[PDB]
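Asker:
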Amino acid sequence: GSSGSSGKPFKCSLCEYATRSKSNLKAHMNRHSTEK
Ligand SMILES: [Zn+2]
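Per PDB author numbering, the sequence shown runs over residues 1 to 36.
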């Protein structure tokens, strides 16, 4: 759907990775270090 689709608080500017918890994203961002 493309109507009132509540997004997310933290959305990685690198990829389409997003999570409601900052603690989670913090771990994902790390992946953006090796072979990237
Ligand atoms: Zn990312």
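Note that beta-carbon positions come from the ideal geometry of N, C-alpha and C, so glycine has one too.
1. Specify which residues have a beta carbon nearer than 5 Å to any heavy atom of ligand 1, listing them in chain order.
2. Out of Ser5, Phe10, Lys36, which one is the CA nearest neighbour of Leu25?
3. Just checking my contact of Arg20 with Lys36 at CB under 8 Å: how many whole Å lie between their CB atoms?
4. Taking only three categories from DSSP, how would you classify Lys26?
Answerer: On the basis of the coordinates in this document:
1. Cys12, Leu14, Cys15, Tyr17
2. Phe10
3. In fact, because the Cβ distance is near 24 Å, the residues do not count as touching under 8 Å.
4. helix
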